[PDB]
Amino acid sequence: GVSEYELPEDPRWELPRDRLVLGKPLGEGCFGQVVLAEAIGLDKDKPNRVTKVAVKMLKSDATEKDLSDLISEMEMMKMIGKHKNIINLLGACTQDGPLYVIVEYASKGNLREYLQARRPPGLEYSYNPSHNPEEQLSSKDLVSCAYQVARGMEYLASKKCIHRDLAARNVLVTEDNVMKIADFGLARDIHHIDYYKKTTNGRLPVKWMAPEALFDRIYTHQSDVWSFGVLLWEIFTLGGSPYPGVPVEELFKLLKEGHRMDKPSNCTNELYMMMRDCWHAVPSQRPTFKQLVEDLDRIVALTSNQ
């Protein structure tokens, strides 16, 4: 029972449950549930204002370890602090019920789904799967997505945070088209990892791992930079799947032999070189997120929004 555990109450973050008006499901995961909610008076200055938020909670079959992870993720987000380009912590409910972790809500879904819905019916992209498509994104908008994500990672890096699974599905898009990085404070599994098991959404996270993380389970900022390269490829394929036609068992040998993904049809040479630099075999030779932010900042200014 949740009453049988000692939940860490933080007065600065604590919100009464009856201030939340729970709504539609936002998605699932390992053992966590996330719902949409309306928070009444999230800010003490405006107690009569409503704010759309996302609420994460434990499922019916959650164990003691799951609770420990959810708390761990919450306290981690506290320590890392706030940034525009990450999913921020807004509050928590630790009393009179199950643990609720309140975070920012992104209404336009993850980056893969966001981009796929805005795929032009053209030659250079796969088909738009959305039955209700949205307006095509400009070239500047695409580089802008990359910059924002890189900026968020640059911040997380400065807070000694290693994401270990940076991907398009782990980036969320707000109503104002702001890119926000998700799941950056997840507890690392203490057991060895299944290279072949899919996520609840059918994704193979193996395809984002750097070679050193893949072969020796070594995770650094440099390995995140590798992942950012794969994300860059995802953006300019508008939500494409990494290494098309390549099975996981063959991905081990291919990567070691120096094989990398081809440049997407709609992608500048300069942006592809950036992917390749991120995909450098030697971790120390990959660019830092600081350098990535500086380049992408320059490229955004020079990229046409026409």
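Position 1 is the first residue in the sequence shown; the rest follow in order. Take the two forms, find the largest set of C-alpha atoms that superpose within 1.5 Å, and that set is the rigid core.
- Between stretches 182 to 190 and 226 to 234, greater average Cα displacement in 5 other deposited structures of this protein relative to the shown form, fitted by the core, falls on 182 to 190.
- Per-stretch RMS Cα distance to the displayed form in 5 other deposited structures of this protein, following rigid core alignment, is highest for 199 to 207 when 199 to 207 and 140 to 148 are compared.
- Of the other compared PDB entries of this protein that include residues on both sides, at least a third leave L123 without atoms.
- Once the C-alpha B-factors are averaged per stretch, 78 to 86 and 197 to 205 rank with 197 to 205 first.
- Look at the C-alpha B-factors of 37 to 45 and of 277 to 285. On average they run higher in 37 to 45.
- Per the PDB record, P121 has a higher Cα B-factor than any other of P121, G152, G91, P211.
- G185: CA B factor in the middle third of modelled residues in this chain (values from the PDB entry).
- Ranked by C-alpha B-factor against the other modelled residues of its chain, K263 falls in the lowest third.
- Per-chain ranking of the deposited C-alpha B factor places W233 in the middle third.
- In the deposited entry, the Cα temperature factor of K108 places it in the middle third of its chain's modelled residues.
- Per the PDB record, residue ranking by Cα B-factor puts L255 in the highest third of the chain.
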